[PDB]
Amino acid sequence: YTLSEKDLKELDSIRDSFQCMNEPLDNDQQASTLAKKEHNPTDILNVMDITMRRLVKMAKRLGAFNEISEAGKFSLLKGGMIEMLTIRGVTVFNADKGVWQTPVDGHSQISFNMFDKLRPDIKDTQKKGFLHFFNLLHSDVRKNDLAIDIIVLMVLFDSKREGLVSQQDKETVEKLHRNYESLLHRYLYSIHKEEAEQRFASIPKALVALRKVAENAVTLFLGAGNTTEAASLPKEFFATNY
């Protein structure tokens, strides 16, 4: 049926940690990049800077994340960052218009065809992989903020990432992963008990695809040309020749 008082408290905590993702931009440079009618590779990297830095505030304002060692925090963010962007990408994507629409700034759009400027031999595989992952997440879950937030935390708290060597980090990360996943299970039954089992059973599949798309996205900026004027953060997750 309905959620317990305890889960609702945990959903408040989750809602607060993600409340920064959709806050208004404060800088005008960032707003101006998002306003452009055409985004080149450098522009896409600056846009990602916005999301990545917000993704980092989210994780820091997360109690569970503060139970991990400092080196384990770096490791989880370094390894899950692209996947979490790709998830956010899915939830603000308009399959009809073929563009991304940031909640933080209406009237602002990013053409899907921005891929046609990325690494030439891989860009087509990525477009398809993005749209495949998108289509593996049903409408009702994709449109549900808390549902994606919980899954965002499930991908974050991945115990098998490079860098997680501390047994304590591994154990606690596995435990969080398991708890978050049980939360989503109960949550999906509270908002639509009709197809909850089917929906929940589908997300693991969709997550295997996410991992695949996000993995071979790291070199998308190779052969895209000069990106030396782009934000530096994003260039720590994406390979560049500049």
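For every residue, the number given is its place in the sequence shown, counted from 1.
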Query raised in the report: Out of 141 to 149 and 102 to 110, which stretch has the higher average CA B-factor listed in the record?
Result: 102 to 110
Report summary line: Comparing mean C-alpha B factor in the record for 80 to 88 and 163 to 171, the higher one is 163 to 171
Query raised in the report: Among 182, 42, 51, 198, which carries the highest Cα B-factor?
Result: 198
**Report entry** Candidate residues 57, 36, 186, 178, the one whose C-alpha B factor the record puts highest
**Finding:** 36
Report task. Using the B-factor values recorded in the entry, state whether the Cα atom of residue 12 falls in the lowest, middle or highest third among the modelled residues of its chain. Result -> middle
**Report entry** Among modelled residues of the same chain, the CA temperature factor third for residue 69
**Finding:** middle
Query raised in the report: Within this chain, which third does the Cα B-factor at residue 127 fall in: lowest, middle or highest?
Result: middle
Report summary line: Assert third(CA B-factor, residue 121) within chain per record equals lowest
Query raised in the report: Which third of the chain does residue 190 land in by C-alpha B-factor: lowest, middle or highest?
Result: lowest
